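Here is my_file03.txt, consisting of compact mmCIF, C-alpha atoms and all ligand atoms:
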```
# COMPACT_ATOMS: atom_id res chain seq x y z
CA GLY A 3 155.25 -75.34 140.08
CA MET A 4 153.41 -73.22 137.44
CA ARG A 5 150.86 -70.45 137.79
CA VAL A 6 148.06 -71.18 135.30
CA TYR A 7 145.29 -68.78 134.28
CA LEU A 8 142.13 -70.64 133.10
CA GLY A 9 139.23 -69.39 131.03
CA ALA A 10 136.22 -71.26 129.60
CA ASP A 11 132.76 -70.85 128.18
CA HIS A 12 129.93 -73.22 129.21
CA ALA A 13 131.15 -75.88 126.75
CA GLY A 14 134.54 -76.05 128.47
CA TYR A 15 133.31 -75.24 132.00
CA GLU A 16 133.11 -78.75 133.43
CA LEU A 17 136.54 -79.71 132.14
CA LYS A 18 138.03 -76.41 133.40
CA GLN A 19 136.88 -77.17 136.96
CA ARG A 20 138.39 -80.68 136.73
CA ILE A 21 141.64 -79.22 135.40
CA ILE A 22 141.72 -76.68 138.25
CA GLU A 23 141.49 -79.53 140.76
CA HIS A 24 144.12 -81.59 138.94
CA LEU A 25 146.52 -78.62 138.79
CA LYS A 26 146.11 -78.08 142.55
CA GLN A 27 146.82 -81.83 143.12
CA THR A 28 149.97 -81.80 141.02
CA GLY A 29 151.57 -78.78 142.73
CA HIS A 30 150.53 -75.88 140.46
CA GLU A 31 148.61 -72.65 141.04
CA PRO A 32 145.43 -72.36 138.98
CA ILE A 33 143.67 -68.98 138.74
CA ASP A 34 140.10 -69.11 137.47
CA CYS A 35 139.21 -66.30 135.08
CA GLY A 36 135.67 -67.69 134.58
CA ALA A 37 133.18 -68.88 133.63
CA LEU A 38 132.52 -69.27 137.35
CA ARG A 39 129.33 -71.31 136.84
CA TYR A 40 127.68 -73.17 133.94
CA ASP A 41 125.71 -70.73 131.76
CA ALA A 42 124.45 -72.39 128.57
CA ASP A 43 124.37 -69.15 126.59
CA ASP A 44 127.65 -67.52 127.70
CA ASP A 45 130.18 -66.19 125.23
CA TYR A 46 133.82 -67.40 125.15
CA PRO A 47 135.77 -64.26 124.13
CA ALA A 48 135.78 -62.32 127.44
CA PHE A 49 137.04 -65.31 129.46
CA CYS A 50 139.83 -66.10 126.92
CA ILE A 51 140.94 -62.48 126.51
CA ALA A 52 141.04 -62.28 130.29
CA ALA A 53 143.21 -65.41 130.69
CA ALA A 54 145.47 -64.46 127.81
CA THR A 55 145.87 -60.82 128.93
CA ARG A 56 146.74 -61.90 132.49
CA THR A 57 149.12 -64.58 131.23
CA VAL A 58 151.11 -62.16 129.05
CA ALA A 59 151.20 -59.60 131.95
CA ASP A 60 152.52 -62.23 134.36
CA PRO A 61 155.70 -63.62 132.83
CA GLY A 62 156.52 -67.24 133.57
CA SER A 63 152.83 -68.00 133.83
CA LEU A 64 150.82 -70.20 131.50
CA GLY A 65 147.18 -70.30 130.44
CA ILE A 66 144.50 -72.79 129.38
CA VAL A 67 141.32 -71.81 127.56
CA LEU A 68 138.45 -74.22 126.95
CA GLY A 69 135.34 -74.48 124.79
CA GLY A 70 133.69 -77.22 122.74
CA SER A 71 136.56 -77.72 120.29
CA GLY A 72 138.80 -75.14 121.97
CA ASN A 73 139.17 -73.30 118.61
CA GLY A 74 137.07 -70.21 119.29
CA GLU A 75 139.04 -69.88 122.50
CA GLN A 76 142.55 -70.10 121.04
CA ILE A 77 141.44 -67.65 118.30
CA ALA A 78 140.29 -65.16 120.94
CA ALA A 79 143.42 -65.65 123.07
CA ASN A 80 145.61 -65.11 120.03
CA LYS A 81 144.14 -61.63 119.48
CA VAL A 82 145.75 -60.54 122.77
CA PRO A 83 149.08 -58.73 122.13
CA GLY A 84 152.03 -60.96 123.02
CA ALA A 85 149.89 -64.10 123.44
CA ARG A 86 150.67 -67.33 121.62
CA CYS A 87 147.87 -69.85 121.98
CA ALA A 88 148.18 -73.36 120.46
CA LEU A 89 145.33 -75.85 120.18
CA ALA A 90 146.37 -78.90 122.20
CA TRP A 91 144.55 -82.08 121.12
CA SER A 92 147.22 -84.62 122.16
CA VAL A 93 150.22 -84.98 124.46
CA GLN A 94 152.54 -84.39 121.49
CA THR A 95 150.85 -81.13 120.37
CA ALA A 96 150.81 -79.82 123.96
CA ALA A 97 154.53 -80.66 124.22
CA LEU A 98 155.44 -79.11 120.83
CA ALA A 99 153.41 -75.97 121.58
CA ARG A 100 155.85 -75.28 124.46
CA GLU A 101 159.03 -76.70 122.88
CA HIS A 102 158.75 -75.05 119.44
CA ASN A 103 156.20 -72.27 119.68
CA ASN A 104 156.88 -71.16 123.29
CA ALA A 105 153.08 -71.07 123.57
CA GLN A 106 152.04 -69.53 126.93
CA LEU A 107 148.51 -70.82 126.41
CA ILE A 108 146.72 -73.80 124.98
CA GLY A 109 143.14 -74.25 123.95
CA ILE A 110 141.51 -77.60 124.78
CA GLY A 111 138.16 -78.93 123.51
CA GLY A 112 135.85 -80.11 126.33
CA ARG A 113 133.78 -82.09 123.82
CA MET A 114 136.85 -83.80 122.26
CA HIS A 115 138.61 -85.90 124.90
CA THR A 116 138.04 -88.17 127.87
CA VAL A 117 139.02 -86.58 131.21
CA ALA A 118 142.09 -88.87 131.37
CA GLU A 119 143.17 -87.67 127.90
CA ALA A 120 142.57 -84.02 128.80
CA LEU A 121 144.61 -84.20 132.00
CA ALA A 122 147.44 -85.91 130.10
CA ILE A 123 147.37 -82.97 127.62
CA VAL A 124 147.46 -80.57 130.59
CA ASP A 125 150.42 -82.40 132.20
CA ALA A 126 152.46 -82.26 129.00
CA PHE A 127 151.72 -78.54 128.68
CA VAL A 128 152.73 -77.59 132.23
CA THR A 129 155.91 -79.70 132.29
CA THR A 130 157.39 -79.35 128.79
CA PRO A 131 160.03 -76.61 128.68
CA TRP A 132 160.53 -74.01 125.96
CA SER A 133 163.59 -75.25 124.02
CA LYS A 134 165.09 -71.74 123.39
CA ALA A 135 166.39 -73.03 120.01
CA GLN A 136 167.60 -70.34 117.64
CA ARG A 137 165.18 -71.04 114.79
CA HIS A 138 162.13 -71.00 117.06
CA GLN A 139 163.15 -67.72 118.64
CA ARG A 140 163.74 -66.27 115.17
CA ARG A 141 160.24 -67.26 114.07
CA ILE A 142 158.66 -65.93 117.32
CA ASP A 143 160.51 -62.61 116.81
CA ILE A 144 159.25 -62.33 113.24
CA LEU A 145 155.66 -62.78 114.40
CA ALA A 146 156.24 -60.34 117.30
CA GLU A 147 157.48 -57.71 114.82
CA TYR A 148 154.34 -58.22 112.64
CA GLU A 149 152.21 -57.82 115.77
CA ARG A 150 154.05 -54.58 116.59
CA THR A 151 153.45 -52.92 113.19
CA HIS A 152 150.87 -55.07 111.38
CA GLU A 153 153.10 -54.72 108.29
CA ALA A 154 153.21 -58.10 106.53
CA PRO A 155 156.82 -59.22 106.22
CA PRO A 156 158.02 -60.11 102.73
CA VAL A 157 157.86 -63.77 101.65
CA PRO A 158 160.92 -65.48 100.08
CA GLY B 3 133.67 -71.76 94.03
CA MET B 4 136.29 -71.17 95.31
CA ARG B 5 139.68 -69.45 95.89
CA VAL B 6 141.78 -71.06 98.65
CA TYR B 7 144.97 -69.38 99.85
CA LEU B 8 147.68 -71.81 100.96
CA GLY B 9 150.74 -71.02 103.08
CA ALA B 10 153.23 -73.49 104.58
CA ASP B 11 156.74 -73.74 105.96
CA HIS B 12 159.04 -76.62 105.00
CA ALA B 13 157.38 -78.89 107.58
CA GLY B 14 153.99 -78.55 105.83
CA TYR B 15 155.39 -78.08 102.29
CA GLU B 16 154.85 -81.58 100.83
CA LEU B 17 151.32 -81.75 102.30
CA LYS B 18 150.58 -78.26 100.88
CA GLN B 19 151.54 -79.37 97.34
CA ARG B 20 149.29 -82.45 97.75
CA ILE B 21 146.40 -80.32 98.98
CA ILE B 22 146.79 -77.89 96.03
CA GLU B 23 146.55 -80.79 93.57
CA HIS B 24 143.52 -82.18 95.45
CA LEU B 25 141.76 -78.77 95.43
CA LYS B 26 142.32 -78.40 91.67
CA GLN B 27 140.76 -81.87 91.14
CA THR B 28 137.80 -80.93 93.36
CA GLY B 29 137.06 -77.76 91.35
CA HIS B 30 138.67 -75.07 93.53
CA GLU B 31 141.26 -72.41 92.77
CA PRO B 32 144.22 -72.93 95.12
CA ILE B 33 146.54 -69.95 95.39
CA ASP B 34 150.00 -70.74 96.68
CA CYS B 35 151.38 -68.06 99.01
CA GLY B 36 154.57 -70.10 99.59
CA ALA B 37 156.84 -71.75 100.45
CA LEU B 38 157.13 -72.41 96.71
CA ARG B 39 160.03 -74.87 97.20
CA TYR B 40 161.32 -77.00 100.09
CA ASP B 41 163.69 -74.96 102.25
CA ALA B 42 164.47 -76.89 105.45
CA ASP B 43 165.30 -73.67 107.28
CA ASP B 44 162.39 -71.48 106.32
CA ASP B 45 160.24 -69.54 108.73
CA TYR B 46 156.45 -69.98 108.93
CA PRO B 47 155.15 -66.47 109.88
CA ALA B 48 155.51 -64.63 106.53
CA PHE B 49 153.65 -67.34 104.57
CA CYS B 50 150.82 -67.55 107.08
CA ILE B 51 150.39 -63.81 107.52
CA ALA B 52 150.32 -63.61 103.67
CA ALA B 53 147.66 -66.35 103.42
CA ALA B 54 145.53 -64.88 106.22
CA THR B 55 145.72 -61.27 104.94
CA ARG B 56 144.77 -62.34 101.39
CA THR B 57 141.91 -64.56 102.68
CA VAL B 58 140.39 -61.86 104.92
CA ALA B 59 140.67 -59.33 102.04
CA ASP B 60 139.01 -61.67 99.48
CA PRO B 61 135.26 -62.11 100.10
CA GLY B 62 134.12 -65.73 99.94
CA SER B 63 137.65 -67.18 99.93
CA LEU B 64 139.18 -69.62 102.42
CA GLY B 65 142.74 -70.25 103.57
CA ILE B 66 144.82 -73.20 104.74
CA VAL B 67 148.12 -72.90 106.57
CA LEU B 68 150.48 -75.81 107.25
CA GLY B 69 153.46 -76.66 109.48
CA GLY B 70 154.57 -79.64 111.60
CA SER B 71 151.66 -79.39 114.04
CA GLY B 72 149.97 -76.42 112.35
CA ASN B 73 150.09 -74.49 115.62
CA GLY B 74 152.69 -71.78 114.86
CA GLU B 75 150.78 -71.24 111.59
CA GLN B 76 147.32 -70.67 113.09
CA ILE B 77 148.94 -68.42 115.72
CA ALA B 78 150.55 -66.30 112.95
CA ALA B 79 147.33 -66.27 110.91
CA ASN B 80 145.34 -65.16 114.00
CA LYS B 81 147.52 -62.09 114.45
CA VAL B 82 146.09 -60.77 111.14
CA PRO B 83 143.19 -58.34 111.89
CA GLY B 84 139.83 -59.93 111.06
CA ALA B 85 141.29 -63.44 110.64
CA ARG B 86 139.88 -66.46 112.51
CA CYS B 87 142.14 -69.48 112.09
CA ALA B 88 141.20 -72.74 113.78
CA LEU B 89 143.46 -75.77 114.11
CA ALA B 90 141.77 -78.63 112.25
CA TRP B 91 142.96 -82.08 113.36
CA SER B 92 139.85 -84.02 112.32
CA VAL B 93 136.81 -83.84 110.05
CA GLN B 94 134.68 -82.75 113.02
CA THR B 95 136.98 -79.90 114.00
CA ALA B 96 137.26 -78.68 110.38
CA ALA B 97 133.45 -78.68 110.16
CA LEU B 98 132.85 -76.95 113.52
CA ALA B 99 135.50 -74.31 112.61
CA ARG B 100 133.29 -73.23 109.72
CA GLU B 101 129.92 -73.88 111.40
CA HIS B 102 130.50 -72.24 114.80
CA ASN B 103 133.61 -70.00 114.43
CA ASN B 104 133.17 -68.98 110.80
CA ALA B 105 136.96 -69.56 110.48
CA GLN B 106 138.19 -68.37 107.08
CA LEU B 107 141.36 -70.37 107.72
CA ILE B 108 142.51 -73.63 109.27
CA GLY B 109 145.93 -74.80 110.29
CA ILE B 110 146.86 -78.41 109.57
CA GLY B 111 149.89 -80.33 110.87
CA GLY B 112 151.84 -82.07 108.08
CA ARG B 113 153.44 -84.38 110.68
CA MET B 114 150.14 -85.38 112.33
CA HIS B 115 148.04 -87.15 109.67
CA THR B 116 148.15 -89.52 106.72
CA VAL B 117 147.53 -87.71 103.39
CA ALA B 118 144.10 -89.36 103.26
CA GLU B 119 143.28 -88.01 106.75
CA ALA B 120 144.56 -84.54 105.82
CA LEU B 121 142.51 -84.42 102.58
CA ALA B 122 139.32 -85.46 104.46
CA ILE B 123 140.01 -82.56 106.83
CA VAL B 124 140.39 -80.18 103.80
CA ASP B 125 137.13 -81.49 102.25
CA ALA B 126 135.20 -80.89 105.45
CA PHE B 127 136.66 -77.39 105.70
CA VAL B 128 135.82 -76.28 102.15
CA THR B 129 132.34 -77.87 102.05
CA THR B 130 130.95 -77.08 105.52
CA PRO B 131 128.80 -73.93 105.60
CA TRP B 132 129.00 -71.13 108.17
CA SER B 133 125.78 -71.52 110.23
CA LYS B 134 125.06 -67.78 110.56
CA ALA B 135 123.46 -68.65 113.93
CA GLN B 136 122.92 -65.73 116.28
CA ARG B 137 125.12 -66.75 119.22
CA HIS B 138 128.10 -67.55 116.96
CA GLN B 139 127.77 -64.18 115.22
CA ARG B 140 127.49 -62.47 118.60
CA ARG B 141 130.77 -64.05 119.77
CA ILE B 142 132.61 -63.18 116.55
CA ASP B 143 131.33 -59.59 116.89
CA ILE B 144 132.64 -59.36 120.47
CA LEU B 145 136.06 -60.55 119.27
CA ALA B 146 136.01 -58.11 116.31
CA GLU B 147 135.28 -55.24 118.73
CA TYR B 148 138.25 -56.25 120.92
CA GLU B 149 140.44 -56.29 117.80
CA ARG B 150 139.22 -52.78 117.07
CA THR B 151 139.72 -51.19 120.51
CA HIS B 152 141.75 -53.61 122.66
CA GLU B 153 139.20 -52.90 125.41
CA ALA B 154 138.88 -56.31 127.10
CA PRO B 155 135.15 -57.17 127.21
CA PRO B 156 133.85 -57.48 130.76
CA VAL B 157 133.64 -60.88 132.42
CA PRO B 158 130.20 -61.68 134.02
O1 LIG C 201 135.59 -74.01 121.07
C1 LIG C 201 134.42 -73.97 120.70
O2 LIG C 201 133.72 -75.28 120.22
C2 LIG C 201 133.68 -72.70 120.48
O3 LIG C 201 134.57 -71.59 120.63
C3 LIG C 201 132.48 -72.65 121.45
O4 LIG C 201 132.78 -73.27 122.71
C4 LIG C 201 131.25 -73.37 120.84
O5 LIG C 201 130.92 -72.77 119.60
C5 LIG C 201 130.04 -73.31 121.75
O6 LIG C 201 128.90 -73.90 121.10
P1 LIG C 201 127.45 -73.84 121.82
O7 LIG C 201 127.61 -74.44 123.18
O8 LIG C 201 127.08 -72.39 121.82
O9 LIG C 201 126.57 -74.68 120.92
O1 LIG C 202 153.36 -76.07 113.03
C1 LIG C 202 154.42 -76.09 113.69
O2 LIG C 202 154.90 -77.51 113.93
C2 LIG C 202 155.44 -74.97 113.75
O3 LIG C 202 154.81 -73.70 113.56
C3 LIG C 202 156.63 -75.17 112.78
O4 LIG C 202 156.27 -75.80 111.53
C4 LIG C 202 157.69 -76.09 113.42
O5 LIG C 202 158.17 -75.56 114.66
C5 LIG C 202 158.87 -76.36 112.48
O6 LIG C 202 159.84 -77.24 113.07
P1 LIG C 202 161.29 -77.46 112.42
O7 LIG C 202 161.04 -78.01 111.06
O8 LIG C 202 162.03 -76.16 112.28
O9 LIG C 202 161.87 -78.43 113.41
```

Encoded form using structure tokens:
Amino acid sequence: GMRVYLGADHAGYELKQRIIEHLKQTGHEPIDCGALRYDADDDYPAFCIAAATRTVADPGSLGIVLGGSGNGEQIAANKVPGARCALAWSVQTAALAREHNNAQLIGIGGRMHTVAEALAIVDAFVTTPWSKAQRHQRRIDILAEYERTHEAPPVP
Amino acid sequence: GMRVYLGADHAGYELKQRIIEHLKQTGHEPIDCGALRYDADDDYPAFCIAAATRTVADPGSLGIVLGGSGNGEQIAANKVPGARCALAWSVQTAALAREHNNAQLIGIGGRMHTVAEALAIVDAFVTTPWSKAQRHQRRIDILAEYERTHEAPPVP
């Protein structure tokens, strides 16, 4: 049972609403950050920053942000302090985003998948645990430290 | 043109060396930020932050960051102020990254493609122009302002 914050522009709006329904059906708690209706001209950043900000502030939660490709949306979510947003374009990448990257959010492209494919990506994301493996935590900590100071760490 | 900054961990290392060779052959100037050798245990953030920082600082340059999926790498690159790093998993997504998101960088997963698929992705990325269309520029500006202030833009 996961709480999931969702954000989308117009290009991801229709898939977002379908995902919200699916998440309800499969025992989860979706929270819609908008867009709340289709608006052809609307701008992705606000919705993605909102979902990402709320996700980071609510530990244990996850997030999903949607656009055409999903890339603008993961980019915007990733600007939020503490947020790690993968682009999920397959079951495997959704799974690995959790397992390796402890990603609290994924971006999905509404123009990229069938509904069946998208929901499969969503299922993998909400059910795959974070592995807690040492090397992954080490890498996440390194990135977290860069985010704290914006001082580029030295390369080997 | 052009200068292309490459960063990879061990999981994207062999693909990175292949991409560098390909970019030389296609008339570009690849710049290797590391890893310079295969180290099975190495940590992606430093290489990706290096690539992203150098790309954002170098007008007209692009950047490519590689890992297993590419997702930890685009996340790290996106923590760099001013950087927009998409995850490119196809020719279409590489092209749209440039066209819509004006991404200076893409992440590619070394575990996700054949070399031929990966090089097609690279070609699309380095040859597809930024559209300069109004709505895309507006969205990038909104994100840049959030990076500047951390004031979450209002949701409609
Ligand atoms: O993920 C994406 O494809 C992006 O961030 C936007 O959704 C896309 O540029 C919208 O394109 P539009 O509907 O404005 O043509
Ligand atoms: O792009 C990704 O797959 C990630 O950021 C790392 O490359 C991945 O977790 C490395 O996995 P490892 O080789 O340590 O199993």

For a quick check of understanding, using all atoms listed in the file, which of B:71, B:93, B:132, B:50 has the smallest distance to residue 119 of chain B?
B:93

Kindly compile the residues surrounding ligand LIG 202 (chain C) within 9 Å, counting all atoms listed in the file, and format them as a PDB file with C-alpha atoms, in the frame of the given file.
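Wrote selection.pdb, looks like this:
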```pdb
ATOM      1  CA  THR A  95     150.850 -81.130 120.370  1.00  0.00           C
ATOM      2  CA  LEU A  98     155.440 -79.110 120.830  1.00  0.00           C
ATOM      3  CA  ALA A  99     153.410 -75.970 121.580  1.00  0.00           C
ATOM      4  CA  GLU A 101     159.030 -76.700 122.880  1.00  0.00           C
ATOM      5  CA  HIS A 102     158.750 -75.050 119.440  1.00  0.00           C
ATOM      6  CA  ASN A 103     156.200 -72.270 119.680  1.00  0.00           C
ATOM      7  CA  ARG A 137     165.180 -71.040 114.790  1.00  0.00           C
ATOM      8  CA  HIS A 138     162.130 -71.000 117.060  1.00  0.00           C
ATOM      9  CA  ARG A 141     160.240 -67.260 114.070  1.00  0.00           C
TER      10      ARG A 141
ATOM     11  CA  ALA B  10     153.230 -73.490 104.580  1.00  0.00           C
ATOM     12  CA  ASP B  11     156.740 -73.740 105.960  1.00  0.00           C
ATOM     13  CA  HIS B  12     159.040 -76.620 105.000  1.00  0.00           C
ATOM     14  CA  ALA B  13     157.380 -78.890 107.580  1.00  0.00           C
ATOM     15  CA  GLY B  14     153.990 -78.550 105.830  1.00  0.00           C
ATOM     16  CA  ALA B  42     164.470 -76.890 105.450  1.00  0.00           C
ATOM     17  CA  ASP B  43     165.300 -73.670 107.280  1.00  0.00           C
ATOM     18  CA  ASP B  44     162.390 -71.480 106.320  1.00  0.00           C
ATOM     19  CA  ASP B  45     160.240 -69.540 108.730  1.00  0.00           C
ATOM     20  CA  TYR B  46     156.450 -69.980 108.930  1.00  0.00           C
ATOM     21  CA  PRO B  47     155.150 -66.470 109.880  1.00  0.00           C
ATOM     22  CA  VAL B  67     148.120 -72.900 106.570  1.00  0.00           C
ATOM     23  CA  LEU B  68     150.480 -75.810 107.250  1.00  0.00           C
ATOM     24  CA  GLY B  69     153.460 -76.660 109.480  1.00  0.00           C
ATOM     25  CA  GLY B  70     154.570 -79.640 111.600  1.00  0.00           C
ATOM     26  CA  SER B  71     151.660 -79.390 114.040  1.00  0.00           C
ATOM     27  CA  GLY B  72     149.970 -76.420 112.350  1.00  0.00           C
ATOM     28  CA  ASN B  73     150.090 -74.490 115.620  1.00  0.00           C
ATOM     29  CA  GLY B  74     152.690 -71.780 114.860  1.00  0.00           C
ATOM     30  CA  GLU B  75     150.780 -71.240 111.590  1.00  0.00           C
ATOM     31  CA  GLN B  76     147.320 -70.670 113.090  1.00  0.00           C
ATOM     32  CA  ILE B  77     148.940 -68.420 115.720  1.00  0.00           C
ATOM     33  CA  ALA B  78     150.550 -66.300 112.950  1.00  0.00           C
ATOM     34  CA  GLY B 109     145.930 -74.800 110.290  1.00  0.00           C
ATOM     35  CA  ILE B 110     146.860 -78.410 109.570  1.00  0.00           C
ATOM     36  CA  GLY B 111     149.890 -80.330 110.870  1.00  0.00           C
ATOM     37  CA  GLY B 112     151.840 -82.070 108.080  1.00  0.00           C
ATOM     38  CA  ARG B 113     153.440 -84.380 110.680  1.00  0.00           C
TER      39      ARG B 113
END
```

At a cut-off of 10 Å, using all atoms listed in the file, what residues contact residue 158 of chain A? Leave out same-chain residues fewer than 6 positions from it and give the result as a list in words.
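Once the adjacent positions are removed, what remains is residues 35, 36, 37, 38, 39, 44, 45, 48 and 49 of chain B.
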
Since chain A and chain B share a sequence, can you fit the second onto the first over all C-alpha atoms in order and output it as a short mmCIF file (atom, residue, chain, number, x, y, z; two decimals) with C-alpha atoms, in the frame of the given file?
```
data_model
loop_
_atom_site.label_atom_id
_atom_site.label_comp_id
_atom_site.auth_asym_id
_atom_site.auth_seq_id
_atom_site.Cartn_x
_atom_site.Cartn_y
_atom_site.Cartn_z
CA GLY B 3 155.86 -73.38 140.05
CA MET B 4 153.40 -72.31 138.76
CA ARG B 5 150.42 -69.95 138.14
CA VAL B 6 148.02 -71.18 135.43
CA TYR B 7 145.22 -68.92 134.19
CA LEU B 8 142.07 -70.78 133.16
CA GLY B 9 139.22 -69.45 131.02
CA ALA B 10 136.27 -71.40 129.60
CA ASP B 11 132.77 -70.97 128.23
CA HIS B 12 129.94 -73.30 129.28
CA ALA B 13 131.09 -75.93 126.76
CA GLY B 14 134.49 -76.23 128.49
CA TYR B 15 133.24 -75.40 132.02
CA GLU B 16 133.08 -78.89 133.58
CA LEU B 17 136.49 -79.81 132.10
CA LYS B 18 137.93 -76.51 133.42
CA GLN B 19 136.79 -77.31 137.00
CA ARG B 20 138.37 -80.79 136.67
CA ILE B 21 141.62 -79.32 135.37
CA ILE B 22 141.75 -76.78 138.25
CA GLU B 23 141.42 -79.60 140.79
CA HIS B 24 144.09 -81.63 138.94
CA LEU B 25 146.51 -78.64 138.86
CA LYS B 26 146.06 -78.07 142.61
CA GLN B 27 146.89 -81.77 143.24
CA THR B 28 149.96 -81.50 140.98
CA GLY B 29 151.35 -78.50 142.90
CA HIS B 30 150.29 -75.60 140.65
CA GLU B 31 148.30 -72.45 141.35
CA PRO B 32 145.28 -72.42 139.02
CA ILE B 33 143.61 -69.04 138.67
CA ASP B 34 140.05 -69.15 137.41
CA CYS B 35 139.22 -66.31 135.01
CA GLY B 36 135.68 -67.68 134.50
CA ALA B 37 133.12 -68.86 133.69
CA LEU B 38 132.73 -69.34 137.45
CA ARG B 39 129.39 -71.18 137.03
CA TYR B 40 127.67 -73.08 134.20
CA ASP B 41 125.74 -70.66 131.99
CA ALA B 42 124.56 -72.48 128.85
CA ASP B 43 124.39 -69.21 126.93
CA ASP B 44 127.69 -67.63 127.83
CA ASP B 45 130.17 -66.23 125.36
CA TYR B 46 133.79 -67.43 125.16
CA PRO B 47 135.76 -64.28 124.11
CA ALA B 48 135.81 -62.32 127.41
CA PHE B 49 137.10 -65.29 129.44
CA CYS B 50 139.81 -66.14 126.93
CA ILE B 51 140.98 -62.58 126.38
CA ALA B 52 141.12 -62.29 130.23
CA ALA B 53 143.17 -65.51 130.55
CA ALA B 54 145.53 -64.57 127.70
CA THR B 55 146.09 -60.97 128.88
CA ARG B 56 146.83 -62.11 132.46
CA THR B 57 149.17 -64.90 131.22
CA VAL B 58 151.19 -62.62 128.91
CA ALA B 59 151.45 -60.01 131.71
CA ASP B 60 152.62 -62.57 134.33
CA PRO B 61 156.20 -63.77 133.72
CA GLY B 62 156.59 -67.54 133.98
CA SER B 63 152.84 -68.25 134.03
CA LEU B 64 150.83 -70.39 131.62
CA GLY B 65 147.20 -70.32 130.49
CA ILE B 66 144.56 -72.82 129.41
CA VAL B 67 141.37 -71.91 127.58
CA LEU B 68 138.47 -74.30 126.99
CA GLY B 69 135.36 -74.59 124.79
CA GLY B 70 133.66 -77.34 122.76
CA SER B 71 136.54 -77.75 120.30
CA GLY B 72 138.81 -75.14 121.91
CA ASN B 73 139.05 -73.31 118.58
CA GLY B 74 137.06 -70.11 119.27
CA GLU B 75 139.06 -69.88 122.52
CA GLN B 76 142.56 -70.06 121.00
CA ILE B 77 141.40 -67.60 118.31
CA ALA B 78 140.28 -65.13 121.03
CA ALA B 79 143.45 -65.69 123.06
CA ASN B 80 145.60 -65.09 119.93
CA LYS B 81 144.08 -61.66 119.40
CA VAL B 82 145.78 -60.57 122.67
CA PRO B 83 149.10 -58.79 121.85
CA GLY B 84 152.08 -61.01 122.71
CA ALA B 85 149.94 -64.14 123.23
CA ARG B 86 150.70 -67.43 121.45
CA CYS B 87 147.88 -69.92 121.95
CA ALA B 88 148.13 -73.34 120.35
CA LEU B 89 145.30 -75.86 120.11
CA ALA B 90 146.39 -78.95 122.05
CA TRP B 91 144.52 -82.12 121.04
CA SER B 92 147.18 -84.62 122.12
CA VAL B 93 150.21 -85.00 124.38
CA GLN B 94 152.50 -84.44 121.38
CA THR B 95 150.81 -81.21 120.32
CA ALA B 96 150.81 -79.87 123.91
CA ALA B 97 154.55 -80.63 124.12
CA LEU B 98 155.46 -79.15 120.71
CA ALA B 99 153.40 -76.00 121.55
CA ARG B 100 155.81 -75.31 124.41
CA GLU B 101 158.96 -76.68 122.74
CA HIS B 102 158.70 -75.05 119.29
CA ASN B 103 156.11 -72.21 119.61
CA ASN B 104 156.77 -71.21 123.21
CA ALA B 105 152.95 -71.00 123.55
CA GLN B 106 152.01 -69.50 126.92
CA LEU B 107 148.50 -70.83 126.35
CA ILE B 108 146.70 -73.83 124.89
CA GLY B 109 143.11 -74.31 123.91
CA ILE B 110 141.47 -77.64 124.73
CA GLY B 111 138.11 -78.94 123.49
CA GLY B 112 135.87 -80.18 126.34
CA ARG B 113 133.81 -82.18 123.80
CA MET B 114 136.83 -83.87 122.17
CA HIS B 115 138.55 -85.96 124.88
CA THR B 116 137.99 -88.18 127.89
CA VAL B 117 138.99 -86.44 131.17
CA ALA B 118 142.01 -88.75 131.34
CA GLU B 119 143.06 -87.69 127.81
CA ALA B 120 142.52 -84.00 128.65
CA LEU B 121 144.57 -84.21 131.88
CA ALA B 122 147.47 -85.93 130.02
CA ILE B 123 147.36 -83.01 127.57
CA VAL B 124 147.50 -80.53 130.53
CA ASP B 125 150.44 -82.43 132.11
CA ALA B 126 152.42 -82.31 128.89
CA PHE B 127 151.70 -78.60 128.55
CA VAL B 128 152.77 -77.59 132.06
CA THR B 129 155.86 -79.84 132.20
CA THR B 130 157.35 -79.44 128.71
CA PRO B 131 160.10 -76.80 128.53
CA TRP B 132 160.44 -74.08 125.89
CA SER B 133 163.50 -75.17 123.83
CA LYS B 134 164.96 -71.67 123.40
CA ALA B 135 166.33 -72.93 120.05
CA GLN B 136 167.43 -70.24 117.62
CA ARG B 137 165.04 -70.88 114.71
CA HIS B 138 161.98 -71.00 117.00
CA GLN B 139 163.00 -67.72 118.64
CA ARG B 140 163.59 -66.19 115.22
CA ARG B 141 160.05 -67.11 114.10
CA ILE B 142 158.45 -65.80 117.30
CA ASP B 143 160.42 -62.55 116.86
CA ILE B 144 159.16 -62.15 113.27
CA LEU B 145 155.58 -62.60 114.51
CA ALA B 146 156.15 -60.14 117.41
CA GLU B 147 157.42 -57.54 114.90
CA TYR B 148 154.29 -57.99 112.75
CA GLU B 149 152.16 -57.50 115.88
CA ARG B 150 154.07 -54.29 116.51
CA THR B 151 153.88 -52.73 113.02
CA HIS B 152 151.38 -54.74 110.95
CA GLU B 153 154.00 -54.64 108.17
CA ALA B 154 153.61 -58.08 106.58
CA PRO B 155 157.09 -59.68 106.48
CA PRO B 156 158.27 -60.34 102.94
CA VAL B 157 157.78 -63.76 101.37
CA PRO B 158 160.97 -65.28 99.79
#
```

Of the candidates A:88, A:114, A:97, A:154, which one gets nearest to ligand LIG 201 (chain C) if we count all atoms listed in the file?
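Ranked by minimum distance to ligand LIG 201 (chain C), first place goes to A:114.
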
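When all atoms listed in the file are used to compute distances to chain B, the closest of the residues A:29, A:131, A:65, A:9 turns out to be A:9.
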
Find the residues near residue 66 of chain A: any atom within 12 Å, counting only C-alpha atoms, skip ones fewer than 4 places away on the same chain, and give them as JSON, numbers by chain.
{"A": [5, 6, 7, 8, 9, 10, 11, 14, 15, 17, 18, 19, 21, 22, 25, 32, 33, 34, 35, 36, 49, 50, 51, 52, 53, 54, 56, 57, 72, 75, 76, 79, 85, 86, 87, 88, 89, 90, 96, 105, 106, 107, 108, 109, 110, 111, 112, 120, 121, 123, 124, 125, 127, 128]}
